[PDB]
Number of protein chains: 2
Amino acid sequence: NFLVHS
Amino acid sequence: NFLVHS
Ligand SMILES: [Cl-]
Ligand SMILES: [Cl-]
């Protein structure tokens, strides 16, 4: 799983 | 921005 927030 | 992959 992969999650990114900016 | 938000991105999620599973
Ligand atoms: Cl992934
Ligand atoms: Cl953040």
# chains A, B, ... in the order shown; residues from 1 in each chain; ligands from 1
$ residues_near_ligand --ligand "ligand 1" --cutoff "12 Å" --atoms "only C-alpha atoms and all ligand atoms" --output "number ranges by chain"
A: 1-4; B: 3-6
$ decode --residues "chain A" --atoms "N, CA and C atoms" --output "PDB file, in the first residue's frame"
ATOM      1  N   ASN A   1       0.851  -1.221   0.000  1.00  0.00           N
ATOM      2  CA  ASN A   1       0.000   0.000   0.000  1.00  0.00           C
ATOM      3  C   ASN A   1       0.869   1.247   0.000  1.00  0.00           C
ATOM      4  N   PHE A   2       0.360   2.319  -0.595  1.00  0.00           N
ATOM      5  CA  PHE A   2       1.098   3.574  -0.691  1.00  0.00           C
ATOM      6  C   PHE A   2       0.173   4.755  -0.460  1.00  0.00           C
ATOM      7  N   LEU A   3       0.618   5.700   0.365  1.00  0.00           N
ATOM      8  CA  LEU A   3      -0.157   6.904   0.649  1.00  0.00           C
ATOM      9  C   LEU A   3       0.782   8.100   0.698  1.00  0.00           C
ATOM     10  N   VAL A   4       0.388   9.196   0.054  1.00  0.00           N
ATOM     11  CA  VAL A   4       1.182  10.427   0.090  1.00  0.00           C
ATOM     12  C   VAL A   4       0.277  11.652   0.200  1.00  0.00           C
ATOM     13  N   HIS A   5       0.701  12.614   1.014  1.00  0.00           N
ATOM     14  CA  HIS A   5      -0.057  13.844   1.220  1.00  0.00           C
ATOM     15  C   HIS A   5       0.889  15.033   1.191  1.00  0.00           C
ATOM     16  N   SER A   6       0.477  16.107   0.528  1.00  0.00           N
ATOM     17  CA  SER A   6       1.285  17.321   0.465  1.00  0.00           C
ATOM     18  C   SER A   6       0.403  18.557   0.577  1.00  0.00           C
TER      19      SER A   6
END
